[PDB]
Amino acid sequence: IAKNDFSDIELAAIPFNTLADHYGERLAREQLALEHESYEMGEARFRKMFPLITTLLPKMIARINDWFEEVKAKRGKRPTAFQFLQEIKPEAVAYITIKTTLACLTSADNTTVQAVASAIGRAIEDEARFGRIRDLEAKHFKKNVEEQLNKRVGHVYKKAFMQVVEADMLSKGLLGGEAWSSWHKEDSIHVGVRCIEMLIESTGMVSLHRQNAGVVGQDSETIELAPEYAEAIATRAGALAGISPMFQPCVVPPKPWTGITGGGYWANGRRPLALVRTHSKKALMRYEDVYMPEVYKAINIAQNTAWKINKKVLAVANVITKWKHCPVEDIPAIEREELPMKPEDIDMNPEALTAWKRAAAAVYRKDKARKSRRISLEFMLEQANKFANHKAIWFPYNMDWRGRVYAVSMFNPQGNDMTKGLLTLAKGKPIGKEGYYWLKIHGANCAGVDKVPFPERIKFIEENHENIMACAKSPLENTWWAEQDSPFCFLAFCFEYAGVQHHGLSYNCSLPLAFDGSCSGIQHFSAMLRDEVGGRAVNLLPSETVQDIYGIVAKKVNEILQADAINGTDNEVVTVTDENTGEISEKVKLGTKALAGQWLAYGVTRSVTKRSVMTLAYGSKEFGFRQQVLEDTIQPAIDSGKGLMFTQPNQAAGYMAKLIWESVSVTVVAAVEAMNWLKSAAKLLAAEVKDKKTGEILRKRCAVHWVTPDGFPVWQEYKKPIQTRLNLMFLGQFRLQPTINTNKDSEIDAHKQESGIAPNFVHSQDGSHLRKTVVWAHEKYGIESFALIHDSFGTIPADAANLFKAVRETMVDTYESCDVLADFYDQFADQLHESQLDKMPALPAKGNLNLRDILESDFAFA
DNA sequence: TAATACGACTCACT
DNA sequence: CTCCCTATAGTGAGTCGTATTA
């Protein structure tokens with residue numbers, strides 16, 4: 001076993017030799033150098049730049065080194081962070097702090113000092129451990145491998161790609177171990193804070209801002225990027241020049257997954273990855289000897305998809321993302337939006353200097369989001385520009401605790417529009433008429449043309465033939481593409497589309513065409529229960545038109561609206577009616593008759609119901625729809641000028657909430673019944689085996705276990721974390737005292753345990769769907785390249801027709817052979833419940849849907 | 001000796 | 001009372017008592 005079985009010296013050399021053995025000494029070296037960048041900036045790179053890093057890094061190192069003298073120069077206790085950091089190479093501490101902090105800033109919402117410190121702590125730990133082997137491993141690949149030139153030439157531009165390594169060909173010194181941290185959250189946060197502290201100190205890069213002082217539930221301390229820095233990142237070209245995301249793509253095929261950890265990345269002087277991302281080591285250990293061949297078969301095939309940067313799209317992004325007004329509206333503007341000026345009539349205590357308190361507060365909120373979207377943006381370019389000329393790059397993969405699959409490097413195929421537009425598949429095929437047809441369906445889908453049947457999508461593309469050519473010809477001048485639903489992707493398809501006109505059907509096209517499942521989850525529940533009406537609502541049945549559940553729900557809300565507008569309650573007097581005098585307040589019970597007309601004045605379209613029906617599979621029911629209706633449509637309607645018909649906001653939200661839940665309940669009955677049945681089971685397995693006095697415990701609280709169709713076993717175990725607060729003198733100014741969840745847990749959280757079951761079961765269930773599909777499309781058809789995004793499935797156009805067939809086939813198959821609920825029941829039967837065991841059960845009724853009809857369904861991709 | 005950093009509690013919160 | 005998102009996490013000051021260390 002790696003751990004022990006080998007010498008730090010052997011461990012350092014194994015990777016490079018086996019990586020040089022296949023692929024060549026050059027790439028093998030480059031792959032390891034790339035990985036080491038996660039912990040240290042190579043003196044070579046840095047020094048060559050003579051880009052923000054060229055300044056940050058040196059100042060931060062000097063600080064760290066001066067901080068150590070300061071600490072050793074005094075009596076008394078040494079700061080806890082110091083005890084751990086004393087060991088780490090200062091050049092590594094600085095680099096990891098800089099990088100981990102900027103990556104955290106890519107977050108709009110969460111940049112509490114806990115989140116940031118936690119991520120620094122975590123990476124600084126990875127270097128304490130591993131750092132020594134990393135040091136040797138670099139000394140190793142620096143020396144030119146021994147003799148034989150034909151082997152070292154390795155790459156050899158063989159227009160056939162590097163193939164993955166065979167599992168058996170992997171030395172036991174490459175079978176990884178310990179993807180879990182072993183520091184106490186407390187020391188992890190300590191190290192983290194002191195790192196941030198010195199970063200602020202030595203550079204003005206970030207700053208600490210106190211948010212909502214004196215508000216028990218919202219008070220917090222957060223990291224903000226200094227304006228001078230945001231200005232350069234957004235204004236200068238390549239400010240993030242030498243600061244790469246922690247996880248980069250591989251320049252050689254990724255290491256195959258064989259065990260529970262160690263897969264994906266090749267270097268041995270690194271923290272290895274875990275096949276499954278869990279809340280704890282214990283939880284990861286459960287998979288240690290699981291045996292789920294099909295799972296590892298899926299992860300490895302995907303992992304093996306080869307990609308390349310889409311140069312034409314990169315050339316455009318590099319250019320227009322620096323314009324002071326961009327045609328792609330999703331691109332974060334460059335100039336700051338100044339605070340809304342005070343009404344001069346300031347002293348005015350009306351809602352004036354409270355509304356302003358909001359108007360301004362919403363501007364800070366938008367500036368933070370703007371600055372983050374910008375960092376994130378610049379990272380993707382930093383990355384695309386870096387691998388631009390590479391014959392190919394690969395992305396290692398992971399799975400979240402439910403099985404869903406994730407590309408591991410920040411810049412990845414699962415990203416937003418610009419990121420996806422910048423990437424395309426490495427090995428393509430001559431397109432063909434079949435392939436060309438889907439290249440067109442995809443171009444249409446990239447615009448907004450996806451709620452119409454295929455003959456129409458093609459019509460859309462053909463009608464706009466010259467626009468599409470004008471745009472591929474001169475994208476900077478002909479910007480009609482930048483206005484399309486998915487600007488950047490659409491453009492990728494435009495360069496491709498013209499390539500076909502210029503080479504005909506013999507054209508080699510590798511652009512990934514994507515097939516998206518209607519409303520995943522509502523599809524899976526309809527399937528497993530065979531709900532005809534539910535399934536038709538999503539798109540399980542061959543329909544002449546594309547069904548739109550958000551739309552059909554909306555038409556139902558509206559009928560209830562018109563009805564309530566005619567009849568329906570009248571505005572009930574005042575609240576002072578259940579008593580005598582007093583609170584004349586609640587001077588308004590607004591009948592359903594006035595409430596309906598309010599909603600009929602605003603409108604209520606597909607838009608009002610969409611953002612409150614897709615959260616259905618997240619546990620949102622009638623209660624939570626109201627505080628979604630309030631901020632998604634009412635609130636922003638008021639704050640924007642209109643919305644004047646919602647005289648009693650809360651009551652209008654409360655009413656719509658009811659109409660929607662009411663609508664969705666008759667719409668997709670199945671989905672509802674199954675989610676409740678699932679909520680019910682969770683409730684009992686969570687609950688504690690009590691009784692009247694003799695509160696003895698026959699059966700404590702249990703976790704929810706189940707296995708997916710392809711063998712992925714999953715364990716839901718929410719737990720209440722034991723908290724605590726650290727006491728840290730910050731910058732010698734004040735005492736920062738963060739509240740933090742500890743690595744120690746107490747009891748099982750029965751509420752979250754109940755709320756998290758339905759959403760987690762479908763997710764896991766479409767997770768293995770996705771896996772079975774990757775396997776099947778590769779074996780029955782010859783698909784080698786895959787573009788995966790949970791419920792979107794893509795490939796090069798010459799393979800689209802088979803992929804399209806393969807998703808249908810695979811889903812139909814899994815649900816005819818597996819009764820996932822029934823199978824679920826046979827898990828928590830003997831494993832759960834003891835005495836009582838009743839008042840819960842009753843498997844929902846299987847309907848009349850014929851899974852076979854899915855094969856012939858045009859709009860039910862996935 | 002007698003400085004040092006910080007966990008533990010406890011309050012009050014523009 | 002939206003689930004994953006290799007997740008997440010009320011705050012600072014006034015006071016005390018401790019194990020450390022130059």
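Chain identifiers are assigned alphabetically (A, B, ...) following the order of the sequence lines, protein sequences preceding nucleic acid strands; residue numbering begins at 1 within each chain.
Map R78(A) and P721(A) each onto its nearest nucleotide of DNA chain C; the residue landing nearer the 5' end is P721(A). Each of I189(A) and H763(A) was assigned the nucleotide of DNA chain C with the nearest heavy atom; the assignment lying further toward the 5' end belongs to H763(A).
Listed pair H751(A) / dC1(C) meets the phosphate criterion, a side-chain N or O lying under 4.0 Å from OP1 or OP2.
A donor-acceptor contact under 3.5 Å is formed by the side chain of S118(A) with the base of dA9(C). A donor N or O paired with an acceptor N or O is not found under 3.5 Å between the base of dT2(C) and the side-chain atoms of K621(A).
For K77(A), taking side-chain heavy atoms from C-beta onward, the closest of the listed nucleotides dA19(C), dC4(C), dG12(C) is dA19(C). Counting only heavy atoms from C-beta on, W401(A) has its side chain closest to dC4(C) among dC4(C), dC6(B), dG12(C). Picking from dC4(C), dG7(B), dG10(C) the nucleotide with the shortest atom distance to the side chain of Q723(A) gives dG10(C). The side chain of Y406(A) sits closest to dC5(C) out of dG7(B), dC1(C), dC5(C). The listed nucleotides are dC4(C), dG12(C), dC6(B); the one nearest the side chain of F734(A) is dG12(C). Which of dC4(C), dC1(C), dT6(C) sits closest to the side chain of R402(A) comes down to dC4(C). Side chain of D400(A), nearest nucleotide from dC1(C), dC4(C), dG10(C): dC4(C).
Side-chain contact of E224(A) with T111(A): a donor-acceptor pair under 3.5 Å is absent, judged by distance alone. Looking at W180(A) and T261(A), their side chains never bring a donor and an acceptor atom within 3.5 Å of each other. No side-chain donor from either of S409(A) and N412(A) sits under 3.5 Å from a side-chain acceptor of the other.
With both ends at atom P, the span from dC4(C) to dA9(C) equals 12 Å, rounded to whole Å. Only the P atoms considered, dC1(C) is 15 Å distant from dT8(C), to the nearest whole Å. Separation of the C1' atoms belonging to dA7(C) and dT2(C) is 15 Å when rounded to the nearest angstrom.
With a 6.0 Å cutoff to the six-membered ring centre and a 45° limit on the axis angle, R270(A) counts as a cation-pi contact of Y265(A).
Electrostatic pairing of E178(A) and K281(A) counts as a salt bridge here, judged by a charged N lying under 4.0 Å from a carboxylate O. A salt bridge links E125(A) to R271(A): one of the charged nitrogens lies within less than 4.0 Å of a carboxylate oxygen. Electrostatic pairing of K772(A) and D710(A) does not count as a salt bridge here, judged by no charged N lying under 4.0 Å from a carboxylate O.
The aromatic rings of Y618(A) and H763(A) sit perpendicular to each other, their planes meeting at more than 60°, with 30° as the lower class boundary.
Taking atom CZ on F730(A) and atom P on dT11(C), their separation rounds to 13 Å, with Å as the unit. Look at CG on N760(A): it is 6 Å from P on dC4(C), rounded to the nearest Å.
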Contact pattern, 5' to 3', of nucleotides 9-14 of chain B - B, S or - by protein heavy atom under 4.0 Å: ----BS
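For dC3(C), the base is stacked against the aromatic ring of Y618(A), per a cut-off of 5.5 Å between centres and 30° between planes.
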